Each structure stands twice: as structure tokens, then as C-alpha cells.
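Just the one chain here, laid out as C-alpha cells, in the form deposited in one PDB entry.
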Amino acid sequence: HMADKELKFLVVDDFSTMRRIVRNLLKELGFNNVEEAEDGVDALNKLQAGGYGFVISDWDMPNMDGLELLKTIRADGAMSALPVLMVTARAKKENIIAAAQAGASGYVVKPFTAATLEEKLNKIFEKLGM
């Protein structure tokens, strides 16, 4: 998977507004291959369907939260390497540690600017050779 226009993103958040923010930012960056999920379960359903190259995910969500989502992804043999960018209002140092240790590719705190998102994605792309 490479960071070109075809790269397929999954945007996960229990609030429409927040998904709408990320989708528009991605479009702006030239990425139009984008789907949405409303919680961790919904997300895995789409992921296991196949084809995705990048996940941007909230933390606090019903049914399955984003830390659990990330742990599940990281533990699954077929998708253990999937890039996962956490986007959350959670800023306590112990939250950041938990997500980091669980295998987050990056971590952005809400609210965030267009510049901030661009720069954290580019950081993941460079780190992973995409």
C-alpha cells in the first residue's frame, strides 16, 4: 500500500460532524477513496471486507471503542500492519501511553487544524514508506 490517490481510508467516529471534518480534509489532500464507520464493530466489518490502506479513528465510541479497535487490528494476522491514526479529545498522558503501547501509528488531539492533520499523516507516510 502506497500514499497515492488510490489509497483507501476508513474514518471512524460516532459523531457525523467529526467524520465530515476528516473526510473533507482528505479530499483536500487528494484522497477521495474514503469510507466511514460509526463504531469499532462497524469498522472491523468494513475492514475484514478488505482493501483498506489507512484508518483514522476516534476513541470514545459505543459498541467497541477505538482503543479496543486498535488492539484488535494490531492482533489480527491479516491486518496487523494497518496504519491507524488516533484522533481524540483525550489528552491525559496515560491515554496517549495506552494508545502508543497498543500500536497507534500517530495521535492527534481534538480540536485540530488542517495543518496538524496533514502533518501527522505525512509523518506516518514517511515512516512507513508509503
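Numbers for residues come from their place in the sequence shown, where the first is 1.
Novice: Could you check the entry and say whether 73-81 or 96-104 has the higher mean CA B-factor?
Specialist: Taking the mean C-alpha B-factor of 73-81 and of 96-104, the larger value falls to 73-81.
Novice: Which has higher Cα B-factors on average according to the PDB entry: 11-19 or 112-120?
Specialist: If you average the C-alpha B-factors of 112-120 and of 11-19, the larger mean comes out for 112-120.
Novice: Highest Cα B-factor in the PDB entry belongs to which of 55, 89, 41, 49?
Specialist: Out of 55, 89, 41, 49, the record gives the largest C-alpha B-factor to 49.
Novice: Consider only the C-alpha atoms of the modelled residues in this chain, order them by B-factor as the entry records it, and name the third containing residue 28: lowest, middle or highest.
Specialist: Its C-alpha B-factor belongs to the highest third of this chain's values.
Novice: Taking the values exactly as deposited, rank residue 64 by C-alpha B-factor within its chain and report the matching third: lowest, middle or highest.
Specialist: Middle third - that is where residue 64 ends up once the chain's C-alpha B-factors are sorted.
Separately, the form solved in complex with a partner chain exists; it is not shown, and the next lines address it.
Novice: Given that the partner chain is not shown alongside this chain, does residue 27 nevertheless sit within 4.5 Å of it in the bound PDB entry, heavy atom to heavy atom?
Specialist: No, residue 27 stays farther than 4.5 Å from the partner chain in the bound PDB entry.
Novice: If we define contact as a non-hydrogen atom of the residue within 4.5 angstroms of the partner, is residue 91 a contact of the partner chain in the bound PDB entry?
Specialist: Looking in the bound PDB entry, residue contacts with the partner chain include residue 91, since a heavy atom lies within 4.5 Å.
Novice: With heavy atoms only and a cut-off of 4.5 Å, decide whether residue 123 touches the partner chain in the bound PDB entry.
Specialist: Yes.
Novice: Quick one: is residue 34 in contact with the partner chain in the bound PDB entry, heavy atoms, 4.5 Å cut-off?
Specialist: No, residue 34 sits far enough from the partner chain in the bound PDB entry that none of its heavy atoms falls within 4.5 Å.
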